[PDB]
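Number of protein chains: 2
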Amino acid sequence: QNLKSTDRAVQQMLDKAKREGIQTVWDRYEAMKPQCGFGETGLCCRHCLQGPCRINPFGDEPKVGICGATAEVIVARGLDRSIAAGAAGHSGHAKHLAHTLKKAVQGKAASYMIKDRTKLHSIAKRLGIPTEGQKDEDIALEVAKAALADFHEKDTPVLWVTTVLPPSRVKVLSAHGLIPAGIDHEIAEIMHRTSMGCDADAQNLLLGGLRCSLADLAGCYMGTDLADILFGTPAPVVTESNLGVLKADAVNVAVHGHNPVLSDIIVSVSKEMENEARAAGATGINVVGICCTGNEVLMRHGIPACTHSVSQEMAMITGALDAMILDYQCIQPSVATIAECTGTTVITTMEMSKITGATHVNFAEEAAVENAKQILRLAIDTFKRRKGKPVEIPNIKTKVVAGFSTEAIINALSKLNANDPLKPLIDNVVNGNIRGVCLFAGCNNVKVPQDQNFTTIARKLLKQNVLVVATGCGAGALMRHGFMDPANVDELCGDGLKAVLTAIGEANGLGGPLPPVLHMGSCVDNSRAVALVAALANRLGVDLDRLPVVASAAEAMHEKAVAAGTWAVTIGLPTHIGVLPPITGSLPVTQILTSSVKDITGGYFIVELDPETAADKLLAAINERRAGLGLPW
Amino acid sequence: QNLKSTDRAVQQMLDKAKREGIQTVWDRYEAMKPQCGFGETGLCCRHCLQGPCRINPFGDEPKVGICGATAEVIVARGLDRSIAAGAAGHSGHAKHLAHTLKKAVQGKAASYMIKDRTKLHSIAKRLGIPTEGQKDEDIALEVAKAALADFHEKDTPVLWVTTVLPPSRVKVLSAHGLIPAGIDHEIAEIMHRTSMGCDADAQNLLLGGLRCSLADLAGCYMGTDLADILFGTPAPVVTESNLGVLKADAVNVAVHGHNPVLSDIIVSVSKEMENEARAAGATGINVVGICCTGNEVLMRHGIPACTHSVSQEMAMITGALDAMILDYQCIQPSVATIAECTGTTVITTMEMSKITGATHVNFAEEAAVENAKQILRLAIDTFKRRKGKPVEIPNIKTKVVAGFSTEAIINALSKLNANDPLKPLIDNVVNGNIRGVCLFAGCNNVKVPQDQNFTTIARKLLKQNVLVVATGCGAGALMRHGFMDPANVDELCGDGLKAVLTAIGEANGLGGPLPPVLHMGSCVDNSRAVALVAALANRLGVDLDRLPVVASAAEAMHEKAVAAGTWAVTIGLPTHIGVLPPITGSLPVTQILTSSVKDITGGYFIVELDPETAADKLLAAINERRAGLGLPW
Ligand code: SF4
Ligand code: SF4
Ligand code: FES
Ligand code: FES
Ligand SMILES: [Fe+2]
Ligand SMILES: [Fe+2]
């Protein structure tokens, strides 16, 4: 089972699933092999009913699509559509939150409110919305209206791009025509230009993709901003992760999907319903997290993380998961059929994301508490049905310190330099105690033994004194292997990095260091890493493409991960991807994405499936940035 | 060559292309056979980097996608993305026109103006924009602002849906949640819900597709509305079609693509540059049309149509095409490589639609005349280079009467009943002189011998007294085979239909009948057919799903054609498609689209590749509607 997942709790459940004849994502992968090479390489097009068209990577015909579309056009159009789909997932997420904030301050959704006034006012100031002499509710209405306005064309560009990057970076992007005009505007323009008989020049197509990736960045940053207003900016928390956070004697409820509008209410209502659960014979309601909505409630409330991404079905295989409460994105639809065998009640809540065979409970912001109680009562009913049944919860968990929003990191650093909090970090970059910064982001992928690339690469970078931050299921991978437990600093970290983590931790009243990896939150919270790096750039007076900062989507899967990798390149970062995107069928497209884009944005993709090699390439990229700043390395 | 195209001019150029070793779309199709059956059936998914996933239509594994996505989910998600892509092509087209009208009335683009005041005021009234006491420029600014506002969420739904269909139809659609909230909003929501781990219920997915198809309808109707304001509502015109409209001694300039913002200016400037062309040794500039932008200038100015859709490369093979002026959509990118062999200058004009190897001339509305002159001078240069070269223009053309906007049809009918113009048409439906109405729409497709389905089906329907209207390349197919020449009424039409066409034609001062088929314009002008049918519904006090009206996308190709077929079903029409869409790998999806959707919208798809059978099925659908109105048939 170690060839499927490096997580020992997942291995234990894979053995149980095999014993019980329950098909898993890994079994479905094996049944798909060998996968289509035209699709793997990007050399397939279905954009009109004359298709499907394919192109042989090498040899004889077919060499070109029926309409004359070349390999480079086909590959670029496919990639662009993936970027647009990822941007669309962040459009829905951020829009959901914008509408919730508007309803909250218009008196239409009393379960929601402004929890972080300071964040509200700082966002308003960043957008140019006046705050002096204004009620918070009116400031928030203006912020919500601004968020919604960034979805369409108007007299300004997308402000959740132009107000969040350094002016020098905005100027570079504007000179190449890459600033988005509107989030949904760019998504639609991609779908248009990639349709049959439209854009058919690889460079032109890929420039469009870069622009649409910035629409994805805007949606991410908007999502984080609005969630912090509504639910609070994260500060340091301690919790646990992995399947052992489930409790045989509790009603175990997983929140799974993405948006805190749902999960945050589940958390608060679950606390109100403790006695109702105890009347059913449980100890209480044990809310646990899967995927990004799990990360959201982990960061804000210390809700323990059950599992992530590719291994999500394993939480059900324990037999102890009473409900899985879903909103949208990254939910394997297999969960609805596995529920029949495992006893779990799978509940969908959003009109645009239903799964055949699941129970649907509409969740309206206006009736959030009422709807949450309905959902949780189904969970209590399900717990009652498993009275007396044996369960198999692996006794496996790790300690997780998290909650490192950018505000939290700045505050922690401020204990070393109150009026110039970024300077202690920069001081240690300059003196070599911190070699550089690496963001781990994105998914697991069934093609890669689960977590193997994240942990192999992180280990090498930490030994070389790289400050490692993580989001999404990259944070999930690292937390489940102990990388968020400060007890592992001595084993994992180079001496310079250990000295920095220790100095910061002791100045914040811990008697111990910060953890080896800083968890910066969910996938939308990749925007927090952008905020940190942009702040560093501004303090140094340079653009992001001069900073010793890199990113790694080491086990990427979702279209959202493709979009995020692309905006990482667009804002100026060397960006590793550890699975093959469908570009290898075009050398010209591959050369643009891995090389000549450096001349446009200063960033570039590093496609490398071997994680030891990827770590070396990421270190080389960091050290080249160090050299360009005249620093030793 | 008759197995490739039924057009004899195309056959002649296919022989020339073969002689000269020039590869065509048909050669590229042959080189693609056998095409992938997973793609043909819809049983392929590339929506994440764990793919590609496929499902065997029958037999053993694979049976399910890696994430658990079933065949019905995979098929529905693919179809939804196609609908969204078609909607996006109409979003770009309509948006282009909205921005042009706004610039025109803000004094920023003096080459554009309000040409149709009556249309402007009627649209304003339909939208609820006040006109009394307002300057035309302010009314137009309001209309342009309303058009742009329908792209995003606001306090009203998409008004280019809700104000153009009968209230009873709006009520049916609203009850099922199918009214779009915003054009680009729906496109993005499709891309979100179809991304990995989101919507995974076939009915839910397909309802989303129906809603997005209405966003496409809105874009079409907006495009027609705005183009009529700016360039004039069509009235009856006479011209010619097919390759013989090219002239060896003229500078032959094809306008190709979609938007009249470009082609309409080409037409007017070309007239201004006659002497400059005569100084180059030509007789003048001969502007000819390809595809929809050709239809636009045919309908408004009688510009002759050269060719359409699948046969577009053949215009170049004559050797006499000096320039091909492109904007976007349905342009085979092969044209840029064929240009090298044929001498043609291929010119792109839009930033989002470039073709490697073509010359790009930006075309800004603000500098339209200047840019048109630059483009046309390249065409004159190219004509000079072919002095003395032999050309082979097939001496083949047809006569085409066209320009039947809905306003033109109503005006023509008004000569028989001034205050109740639709009544003479309804009278003849009731008495059986007109059996029903069929709209032919959409593309040619290399899989179908060019025009064979359109002409075979049209012949059978006309003999059975069906009033036939046509748009796009369906109009192109019918015009190139004589169906728009009133001289063919006696041969083609049943006695009842002939009597009606004759009565209307003679009352409009022609001494002869209307043509056998009424050309209602470009693909966006499918919206004109909607306007006519909605007006008939309103005059009869019934919904469109009770009218004896059907549609046929007999040789469909583009994602736009899939979107149009879907909104035809959604508004209540039996809708034939003559090529296989990628749905046959899911029986549940096929059953929804061809049967159970009848219970939601009253429309349904008729998938039928044999055109004689398709004609019988369309007649059965018409006659069933007749029976439901208590009429003989
Ligand atoms: S767009 Fe071109 S390449 Fe793609 S399916 Fe259609 S004919 Fe083939
Ligand atoms: S979304 Fe599901 S079915 Fe599609 S490629 Fe990814 S794993 Fe396969
Ligand atoms: S041929 Fe396999 S992905 Fe299309
Ligand atoms: S397997 Fe051929 S279209 Fe994907
Ligand atoms: Fe996520
Ligand atoms: Fe068209």
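As given, the protein sequences belong to chains X and X', one line each in that order. A prime marks a further copy of an entry chain. The numbering of the first sequence is the authors' numbering, which starts it at 4 and goes up by one. The numbering of the second sequence is the authors' numbering, which starts it at 4 and goes up by one. Even for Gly, the Cβ is constructed at its ideal location relative to N, Cα and C.
Asked, Found
"Answer yes or no: does any C-beta atom of chain X' fall closer than 8 Å to that of residue 100 of chain X?", "no"
"Are the segment 416-425 of chain X' and the segment 238-252 of chain X' touching by the rule of at least three beta carbon pairs closer than 8 Å?", "no"
"Use the C-beta contact count for residue 343 of chain X': other C-beta atoms within 10 angstroms, 16 or more gives buried, fewer gives exposed.", "exposed"
"Take every Cβ of the segment 435-447 of chain X', pair it with every Cβ of the segment 397-417 of chain X', and state whether three or more of those distances are shorter than 8 Å.", "no"
"Following the continuous beta strand (DSSP E) through residue 443 of chain X', name the residue where it begins and the one where it ends.", "440-443"
"Buried or exposed for residue 124 of chain X, please, with buried defined as at least 16 other CB atoms from any protein chain shown within 10 angstroms of its CB.", "buried"
"Rounded to whole angstroms, what's the CA-CA distance from residue 215 of chain X to residue 186 of chain X? Just pull it up for me.", "8 Å"
"Alpha helix (DSSP H) containing residue 614 of chain X: first to last residue?", "614-631"
"Looking at the unbroken beta strand (DSSP E) that takes in residue 2 of chain X, where does it start and where does it end?", "Coverage of chain X is limited to positions 4 through 636, which leaves residue 2 of chain X absent and any answer about it impossible."
"So with CB distances below 8 Å, who are the chain X' contacts of residue 474 of chain X?", "Under the 8 Å cutoff, chain X' gives no residues; its nearest Cβ is about 17 Å from residue 474 of chain X."
"Would DSSP call residue 521 of chain X' helix, strand or coil?", "strand"
"Excluding sequence positions up to five away, which residues of its chain have a Cβ less than 6 Å from the Cβ of residue 638 of chain X'?", "Not covered by the structure: residue 638 of chain X'. The range shown for chain X' is 4 to 636."
"Start and end of the alpha helix (DSSP H) containing residue 223 of chain X?", "205-234"
"Please compile the residues from chain X whose C-beta is within a distance smaller than 7 Å of the C-beta of residue 67 of chain X'.", "31"
"Return yes when the Cβ of residue 606 of chain X' is within less than 8 Å of the Cβ of residue 578 of chain X', no when it is not.", "yes"
"Out of X:506, X:50 and X:428, which one is the CA nearest neighbour of residue 536 of chain X?", "X:428"
"With respect to 7 Å, is the separation between the Cβ of residue 614 of chain X and the closest non-hydrogen atom of ligand 3 below this value?", "no"
"If you follow the beta strand (DSSP E) that residue 292 of chain X is in, where does it begin and where does it stop?", "288-293"
"How long is the line joining the alpha carbons of residue 61 of chain X and residue 551 of chain X, rounded to whole angstroms?", "39 Å"
"Excluding the five sequence neighbours on either side, which residues of its own chain have a C-beta within less than 8 Å of the C-beta of residue 247 of chain X', listed in chain order?", "12, 396, 397, 398, 399 and 400"
"Whole-angstrom Cβ separation of residue 259 of chain X' and residue 293 of chain X', contact assumed at under 8 Å?", "4 Å"
"Does any heavy atom of ligand 1 sit closer than 7 Å to the C-beta of residue 261 of chain X'?", "no"
"Hey, out of X:463, X:275, X:171 and X:630, whose CA is closest to residue 615 of chain X's CA?", "X:463"
"Confirm, please, whether the CB-CB distance from residue 318 of chain X to residue 385 of chain X is below 8 Å.", "no"
"Check the C-beta distance from residue 90 of chain X over to residue 202 of chain X and give it rounded, since I have them as a contact under 8 Å.", "With 8 Å as the limit, residue 90 of chain X and residue 202 of chain X do not qualify as a contact, their Cβ atoms being about 17 Å apart."
"Could you name the residues of chain X that residue 52 of chain X' contacts, counting a contact when the two beta carbons are closer than 7 Å?", "448, 559, 560, 582 and 584"
"Taking residue 43 of chain X as the reference, which of X':49, X':43 and X':600 has the closest Cα?", "X':49"
"Ordered along the chain, which non-local residues of its own chain (more than five positions away) have a Cβ less than 8 Å from that of residue 57 of chain X?", "41, 46, 47, 48 and 65"
"From the DSSP output, which residues share a beta bridge with residue 244 of chain X?", "X:308 and X:401"
"Near residue 365 of chain X', what residues of its chain come up, given a Cβ to Cβ distance below 8 Å and the 5 sequence neighbours on each side ignored?", "352, 354 and 374"
"Whose CB is closer than 5 Å to a heavy atom of ligand 2? List the residues in chain order.", "X':48, X':50, X':51, X':53, X':54, X':56, X':68, X':69, X':70, X':72 and X':199"
"Taking DSSP's pairing of strands, which residues face residue 56 of chain X' in a bridge?", "X':48"
"For residue 447 of chain X, which residues of its own chain have a beta-carbon under 6 Å away from its beta-carbon, when the five flanking residues on both sides are left out?", "312, 313, 453, 476 and 558"
"Quick one: which unbroken alpha helix (DSSP H) runs of 4-plus residues sit fully inside the segment 308-349 of chain X'? Chain order, please.", "316-320 and 338-345"
"Locate the alpha helix (DSSP H) running through residue 504 of chain X, then write down its first and last residues.", "498-510"
"Looking only at C-alpha atoms, which of X:268, X:444, X:390 and X:296 sits nearest to residue 368 of chain X?", "X:268"
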